[PDB]
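Protein chains: 2
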Amino acid sequence: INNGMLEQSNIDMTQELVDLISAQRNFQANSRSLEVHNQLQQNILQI
Amino acid sequence: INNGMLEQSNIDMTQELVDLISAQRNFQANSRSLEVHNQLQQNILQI
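Same order as they appear, the protein sequences are chains V and g. Heads up: the first sequence runs through residues 390 to 436, numbered per the deposited numbering. Heads up: the second sequence runs through residues 390 to 436, numbered per the deposited numbering.
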């Protein structure tokens, strides 16, 4: 136990920012897949 | 048993739509056959 000190968070801003970018990219790719599946369904629904 | 989840229906809209098309086509063909049979009987009934 040390007096005169406090602990900050144990987070690193660099890793968090890169994870923001990567998670956004994953979201975008999954949305593209969902859009493809909707387009296929609409295509069958127009015969 | 998993909590936080539900099961949807196990149908495929693509296959259901294709079966809709095929069943309509079968219906139309059989109606054509019935129409032909009625025409034959009417043809006999006019001698």
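Where is the CB? At the ideal position from N, CA and C, for every residue including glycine.
| Asked | Found |
| --- | --- |
| Could you tell me whether the Cβ of g/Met394 comes closer than 7 Å to any Cβ of chain V? | no |
| List, in chain order, every chain V residue whose beta-carbon is nearer than 8 Å to that of g/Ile410. | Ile436 |
| What did DSSP end up calling V/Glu396 once you bin it into helix, strand or coil? | coil |
| Should g/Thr403 and V/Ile433 be called a contact, given that it needs their Cβ atoms to be closer than 7 Å? | yes |
| Measuring only the C-alpha atoms, how far is g/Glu396 from g/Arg421? | 42 Å |
| DSSP three-state label for V/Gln435, please. | coil |
| What would DSSP say about g/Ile410, mapped onto helix, strand or coil? | helix |
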